[PDB]
Amino acid sequence: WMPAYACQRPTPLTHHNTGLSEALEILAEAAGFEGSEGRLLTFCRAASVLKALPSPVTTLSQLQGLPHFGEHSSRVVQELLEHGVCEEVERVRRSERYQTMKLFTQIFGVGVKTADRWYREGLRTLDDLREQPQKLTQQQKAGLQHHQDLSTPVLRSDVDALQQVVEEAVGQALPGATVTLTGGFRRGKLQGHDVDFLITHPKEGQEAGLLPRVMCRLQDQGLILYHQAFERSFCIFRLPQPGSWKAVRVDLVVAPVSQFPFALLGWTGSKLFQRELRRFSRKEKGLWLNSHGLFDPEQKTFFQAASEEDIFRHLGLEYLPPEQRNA
DNA sequence: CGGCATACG
DNA sequence: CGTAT
DNA sequence: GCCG
Ligand SMILES: [Mg+2]
Ligand SMILES: [Mg+2]
Ligand code: NA
């Protein structure tokens, strides 16, 4: 009734076990702050299973037979059902370690490893970092200066305005090039913390060298608050606001049209969905999947895809639209 | 017990 | 090390 | 932390 891989089941954006999934994802996040990638994955998977259910979990027995629910995740659900709260989850929420690692990792340019080192040095607040800017990278200085704006959700109305200015710059850099909205917004999200665009051109090869030309034109228009040959660009855009503006994170990605279905699939997510899809491809089908293609290691050949539908078919999976990939 | 996705900047 | 889904 |  419940397949083991998230890519084998539709997962809508809104579901019937929000509180339970949120608690398990706290534990997944905390596992990540401690470098326990294995425990992070299990908690993430257990959370996604609940997102895929057709109704609320009301009794512990309803977890029987569900994949990725063992003693620990089941105990978390049990306590939430009996008391509306899970002691372990609440201890994590208020712990100084969790709050600081979460605060530091959400800085653009700060990963788990950097946040952990700063934590061990006694640092706890953003102003602690600001007072010692000599130890910050140029990327981290940008992320810290813009941290407040980058914490404000991006609205779908913002996305439309950004896509227009991106299309304009893309149109001058390479006539005929196209811009596709990807990421969480393509999955139907109404808010987000960044906007993701995928750029290609219908004539194979014409996209080569395109991203530097796009970036230089965006910068000349005064729209780039920060950015680093290349095919991925992690920028901070200047988004007009009523009587002012705000900083917004935008990712620009280029792919040749031959690889466009794979890049669209990869960059549409969710993150967990893509990990599960690549895991499923390798372990169940013996095929190697990434955002560039799908490789058969036996015949040493790449699978040609003209659409996401092609890719699902070549993996023996039923097609899922982006709005059902919210694992 | 091994494995846990796979890239690019 | 960071970034991305 | 859980699966095969
Ligand atoms: Mg995104
Ligand atoms: Mg992004
Ligand atoms: Na970060």
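Chain A is the first sequence line, chain B the second, and so forth, proteins listed ahead of strands; every chain is numbered from 1. Values below: all heavy atoms of this structure, side chains included; hydrogens, waters and symmetry mates excluded.
Using a 4.0 Å heavy-atom cutoff across all strands shown, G38(A) reaches at least one base atom of the nucleic acid. Nucleic acid contact class of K113(A) (heavy atoms, under 4.0 Å, all strands): sugar-phosphate only. Counting any heavy atom pair closer than 4.0 Å across all strands shown, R186(A) reaches no nucleic acid atom. Heavy atoms of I107(A) sit under 4.0 angstrom from primed sugar atoms or phosphate atoms, though from no base atom. Residue contacts for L289(A): at a heavy-atom cut-off of 4.0 Å it reaches the sugar-phosphate backbone alone, with no base atom in range. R279(A) comes within contact range of the sugar-phosphate backbone alone, with a heavy-atom separation under 4.0 Å but no base atom that close. At the heavy-atom level, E37(A) lies nowhere under 4.0 Å from the strands shown. Nucleic acid contact for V110(A): sugar-phosphate only, since backbone atoms but no base atoms lie under 4.0 Å from a heavy atom of the residue. Backbone-only contact: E71(A) has heavy atoms under 4.0 Å from sugar-phosphate atoms and none from a base. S281(A) comes within 4.0 angstrom of no nucleic acid atom, judged by non-hydrogen atoms across all strands. At the heavy-atom level, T182(A) lies nowhere under 4.0 Å from the strands shown. Heavy atoms of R325(A) sit nowhere under 4.0 angstrom from any nucleic acid atom.
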For residues 175-183 of chain A, please give each side-chain donor-acceptor pair under 3.5 Å, one per line with the distance, not counting sequence neighbours.
| from | atom 1 | to | atom 2 | distance (Å) |
| --- | --- | --- | --- | --- |
| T182(A) | OG1 | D196(A) | O | 3.2 |

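Taking side-chain N and O atoms only, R275(A) has a distance below 4.0 Å to OP1 or OP2 of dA5(B). Of the side-chain N and O atoms in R282(A), one or more sit less than 4.0 angstrom from OP1 or OP2 of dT6(B). For the OP1/OP2 pair of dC4(B) and a distance below 4.0 Å, the side-chain nitrogens and oxygens of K283(A) include at least one atom meeting the criterion. One finds no side-chain N or O of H68(A) lying less than 4.0 angstrom from the OP1 or OP2 phosphate oxygen of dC2(D).
Residues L41(A) and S291(A) each lie close to DNA chain B; by heavy-atom proximity, the contact nearer the 5' end of the strand is made by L41(A).
Salt-bridge formation is detected for the pair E121(A)/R117(A): a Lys NZ or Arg NE/NH1/NH2 atom is positioned less than 4.0 Å from an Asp or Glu carboxylate oxygen.
Donor-acceptor pairing under 3.5 Å, judged by distance alone, is present between the side chain of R232(A) and the base of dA7(B).
Proximity of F273(A) to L320(A): side-chain heavy atoms (C-beta onward) are separated by under 4.5 Å at one or more points.
Ring centers of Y119(A) and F104(A): at least 6.0 Å apart, outside the cut-off. The six-membered or imidazole ring of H292(A) lies away from that of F262(A), with a centre-to-centre distance of 6.0 Å or more. In summary, the aromatic rings of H72(A) and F43(A) are positioned with their centroids under 6.0 Å apart.
Applying the side chain to side chain donor-acceptor pair (under 3.5 Å) definition to pairs two or more places apart or across chains, those involving residues 37-49 of chain A are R9(A)-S48(A), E37(A)-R275(A), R45(A)-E276(A).
The separation between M215(A) atom CE and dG9(B) atom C1' is 13 Å, rounded to whole Å. To the nearest angstrom, P of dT6(B) lies 13 Å from NE2 of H292(A).
Annotation: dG4(D) and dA5(B) have their P atoms spaced 15 Å apart (nearest Å).
Once you apply a 4.0 Å limit to the heavy atoms of chain A, the touched nucleotides of DNA chain C run 5' to 3' over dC1(C) to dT5(C).
Contact detail for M215(A) and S233(A): the closest heavy-atom pair is SD-OG, 3.3 Å.
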